[PDB]
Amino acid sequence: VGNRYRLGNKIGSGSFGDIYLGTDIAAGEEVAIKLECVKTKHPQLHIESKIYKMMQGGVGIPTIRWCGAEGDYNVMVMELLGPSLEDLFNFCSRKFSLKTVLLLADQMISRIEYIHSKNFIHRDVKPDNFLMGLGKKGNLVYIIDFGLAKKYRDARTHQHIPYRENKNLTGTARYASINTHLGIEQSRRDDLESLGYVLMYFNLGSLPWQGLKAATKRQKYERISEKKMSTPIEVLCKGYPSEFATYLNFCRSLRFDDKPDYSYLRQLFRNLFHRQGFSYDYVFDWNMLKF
């Protein structure tokens, strides 16, 4: 592969493609490799590579080493990254400290803002799609996986995509916005509402619309929707700082084509961080693991 890549074993699945460890043979550089069957009916892997390329040089954006084809596979070779926030959540006993939640929130809001600044919406915000860096970037949260991403505004005019209804749910359900469940075209607000659920997930260990009964997938999604709509934010966020409710209310009240106030959202959490008297050392819970 590429005058240089050894395909290794499979480690998981991303949107529209399995990921494998692999190695830059001459360099000795372990990499991540996403495979799409080159003969697939919906080739999207080179599309995804060009979105990554448009995001190049952004803080917390993964670098693409090589995109191409080999054998019967469109391949994308990515720099290797560390554990997911889900992985780190497990390593930390499925509890993060408030300090770590607020440190993550600041970076995650900014990562979303950056993607939006480059005319895209992510559409799959969840703990599995945020990875810590390696080496000198170990305290940098990366966002990965643009296989569900869409352009929400025209690159020349900045005209926003039009409002659409009766859409089927394309990510998966735990972190989806209310409007996504209701069939509304996703926009910038929905990425941010999903992040709000992710932050409550880290606070609680679970969300109250996990583990619901249904006969079929369609129904399961409908029941998750119903649970989200019928659980007031003040009940969802009971016993946690009011900032988490304020953040979610804000995102839920945004217009479809609104530019979110990302600075207001960061400032909510920063003000909380100041009130709590946490030190400005940028140390996460997992940085204190000792042998």
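Counting begins at 1, following the sequence as shown.
Taking the mean C-alpha B-factor of each stretch as recorded, 210-218 and 157-165 are not equal, and the higher mean is that of 210-218. Comparing the deposited coordinates for 143-151 and 98-106, the stretch with the larger average C-alpha B-factor is 143-151. Comparing the listed residues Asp257, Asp261, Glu70, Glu243, the entry records the largest Cα B-factor for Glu70. When all modelled residues of the chain are sorted by CA temperature factor, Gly82 is found within the lowest third. Per-chain ranking of the deposited C-alpha B factor places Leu199 in the lowest third. Remark: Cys37 belongs to the highest third of its chain, ranked by C-alpha B-factor as recorded. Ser93 sits in the middle third of its chain by CA B factor, as recorded in the PDB entry. Ranked by C-alpha B-factor against the other modelled residues of its chain, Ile47 falls in the middle third.
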